[PDB]
């Protein structure tokens, strides 16, 4: 059912977000899944292509958000897709931005708990709010094949 699928998509997304965030946090481990290998490559490609802008955005974000970065990230994700359209490129940017955000929070002395909250925010949004789009596009296996 829709609830069963959403729960599964949320967990699949959480694993993916947790892996990318860890990858951005100095941890070196083999990708746990083909989708993780793909996201590591694609999200770092997007960062390398816009590194200064992502860095500036992450610092502005954290300086204007305050107490709850996860809540602020939900509002950004909502505005990113605020034109009703959804595609894998926008998903990649969410991962790229959150990876830079996580790295900046670590640089500022924060614990890994904040990282986990950001991963759960991505998972809840894509696996819950965007479950229909994710399913119709084949989920993270479709993400893999779309980018060959």
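Numbering follows the first chain given and starts at 1.
Next item on the list: Output the stretch having the higher mean C-alpha B factor in the entry; the candidates are 76 to 84 and 39 to 47.
Entry: On average, C-alpha B-factors are higher across 76 to 84.
Note to self: So, looking at the entry's B-factor column for Cα atoms, which has the higher mean, 108 to 116 or 93 to 101?
What the structure shows: According to the entry, 108 to 116 carries the higher average C-alpha B-factor.
Check: If you rank the chain by CA B-factor, which third does residue 28 end up in: lowest, middle or highest?
Finding: Ranked within chain, residue 28 CA B lands in the highest tercile.
Notebook entry, point to check: Within this chain, which third does the Cα B-factor at residue 143 fall in: lowest, middle or highest?
Noted result: Bottom third by C-alpha B-factor.
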